[PDB]
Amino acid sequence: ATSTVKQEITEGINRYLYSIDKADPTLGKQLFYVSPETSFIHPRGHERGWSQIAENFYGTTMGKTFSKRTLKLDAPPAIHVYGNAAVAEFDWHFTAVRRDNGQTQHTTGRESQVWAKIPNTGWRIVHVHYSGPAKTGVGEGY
């Protein structure tokens, strides 16, 4: 059932994307594990627990900062299943219109998500870490 797990996480990631585009935590709630242990590391900080993710990531970082958002994957995700946990990794790109100045901002990067099979709920995101694209200049990225 590793392929059913993967089919599930793949399509779950597509739903995660829609949750971002809509900056909708009530939709993100259906994908993340609703708990204080669920965490989200990102370039602007570190969300500790679902509440922080809902409030400061979906609400502030995505929803107050931008009026339109489109988050897409560059290729389908790599998903490595280890029993009742799985690691998903992908490359993404992001186009958003800012509320502050109306300008379209475009970013890219890498993301990892840890999914765990939460009993009688199903597979949910227990952790995300996202960062920008690789930088290979002399002295950078250490």
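One rule holds for the numbers: they count along the sequence shown, beginning at 1.
Undergrad: If you average the CA temperature factors over each stretch, which comes out higher, 128-136 or 115-123?
TA: Mean CA B-factor is higher for 115-123.
Undergrad: Averaging only over Cα atoms, indicate whether 47-55 or 94-102 has the higher B-factor in the PDB entry.
TA: So the stretch with the higher mean C-alpha B-factor is 94-102.
Undergrad: Quick one: classify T107 as lowest, middle or highest third of the chain based on its Cα B-factor.
TA: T107: CA B-factor falls in the middle third of its chain.
Undergrad: Split the chain's modelled residues into thirds by Cα B-factor; is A75 in the lowest, middle or highest one?
TA: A75: CA B-factor falls in the highest third of its chain.
Undergrad: Of the three thirds of its chain by CA temperature factor, lowest, middle or highest, which one includes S35?
TA: Ranked within chain, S35 CA B lands in the middle tercile.
Undergrad: So where's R69 on the chain's Cα temperature factor ranking, which third?
TA: It falls in the middle third of the chain.
Undergrad: Using the B-factors in the PDB entry, rank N84's C-alpha atom against the chain and give the third, lowest, middle or highest.
TA: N84: CA B-factor falls in the highest third of its chain.
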